[PDB]
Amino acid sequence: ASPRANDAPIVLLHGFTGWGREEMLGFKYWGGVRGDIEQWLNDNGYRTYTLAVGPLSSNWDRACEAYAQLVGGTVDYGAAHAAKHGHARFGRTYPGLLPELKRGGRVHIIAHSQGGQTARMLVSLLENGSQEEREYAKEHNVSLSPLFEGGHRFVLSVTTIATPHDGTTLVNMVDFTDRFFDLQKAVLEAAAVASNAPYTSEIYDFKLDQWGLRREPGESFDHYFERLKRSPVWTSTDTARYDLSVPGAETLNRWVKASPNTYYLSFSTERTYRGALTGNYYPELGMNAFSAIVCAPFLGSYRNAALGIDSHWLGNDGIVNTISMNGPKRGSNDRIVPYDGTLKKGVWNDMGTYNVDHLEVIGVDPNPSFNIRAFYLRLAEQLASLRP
C-alpha cells in the first residue's frame, strides 16, 4: 500500500563515464548487461528520462548542459565562466525533455558517481543562480542565461549513488592520467563484448564542443584519448579531473549547499574486505576486473596524514572511497542524517551502504547477488511518496 504523493518524472544522470540511449550501439549505461533501468521504471508507472552530458567536463559545464536538456534551448556556459577558462560560451541546442518545468513542474534526479556532484550544483544554480555571471553581465552588457538568475526550484529530490561528495584518492595514483583513460577503454570493451562487436565500431561522443575537441574521421579512440590527455579538458581546473580530487570536491562543497526545498538521498557502496594484520583494504571476489587489478589495491592502501586521509578512507567500491559517498562533509555544512523511516528535506538522508562495486550498481558489471531491479523499483517508490 504505497502512498504515492507525486507523479513527478525521473531523470537519470551518469558520472565521468556515460552516454545517451542512442550511443554504444544500444548498450545502456543505466542497466548494462542486466537490462534497461529506464524501461523498468517507465513500465512500472514512473515516467523516466536519461540525460547525457560531457563525461570528462567540469560539473559546472555538465550542469549547464543538463539545464538545456531539461527545458530546451542552446547550452550557455556563462559569459564570465567561458572568458575565465577560455572555451566557447555556447554549446549544443536541445529540444528539451521537460519544458513544463518552466511552468510549475517538478522533477526527481537520480545520479550515479560524479553525476551526484552535478545534480547538487544544478540545484544550487537553479535556486541562487550565479553572482559572478550576474555582475559580469552588467559590466559587459551581454545576455544572461536564466539559469544564473536564480529563483527556479523545480527539482524535488536528488539521489546520489556512489558519489564522491568528498572526492576520491584514485586521482593521486602516480599513473592516474593513463589509468583513467584505460578505464574509459575498459567500459568500451565491456559494451563491445555485450553486443558482440569490435570495440572499434562503438559510438561514444564525449561532447567537447566548447573546447573544439572531436574524434576525427578514422581516428581510433586510443589516438583520441592521447590527444585528450594533453588538452585543456585534462590540464585545466575546469575539468571532471579537478572536481574528482579531494581538494577539488572540497572547493565544490564550499558553495554548493543543500537546498531546504529539496530532498537529498545518498547511497554508499563498498566491495572490499579488511586485511587483519596490514589494516589495508582488498577487492572482494566478483569486483569488476579493471578495478580489482588497477584501482582497488591503491584505494585500499593510500594514506595521507597531512589531509586526514586515514584508515577510514581505505574501504572502497573499486573507484571511490566509501567514506566519501554519504554526503558532503569537507568544506560543507550540509547535515547528514541516517535513514530512520521518513525522508526529510534540506538534509542528506543516508540510505545506507550496499555491497556492490562502482559498476555493478548500474549493471555494467554482473553480480547475481544484487537484485538490481528491486533496488531501483524500491527507490522510485520512495521518491514517488514524497510530498511537494
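Note that residue numbering begins at 1 and tracks the sequence as displayed.
Looking at 50-58 and 64-72 together, the entry lists the larger mean B-factor for 64-72, computed on C-alpha atoms. Between the stretches 119-127 and 142-150, it is 142-150 that shows the larger average CA temperature factor. Comparing the C-alpha B-factors of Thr163, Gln184, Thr272, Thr200 in the entry, the top value falls on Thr200. Among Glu38, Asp350, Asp357, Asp334, the highest C-alpha B-factor in the deposited entry belongs to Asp334. Ranked by Cα temperature factor within the chain, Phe176 sits in the middle third according to the deposited record.
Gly318: CA B factor lies in the lowest third for its chain, per the PDB record. In this PDB entry, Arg330 carries a Cα temperature factor that places it within the middle third of its chain's modelled residues. Per-chain ranking of the deposited C-alpha B factor places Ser220 in the highest third.
Per the deposited record, the Cα B-factor of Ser231 falls in the middle third when ranked against the other modelled residues of its chain.
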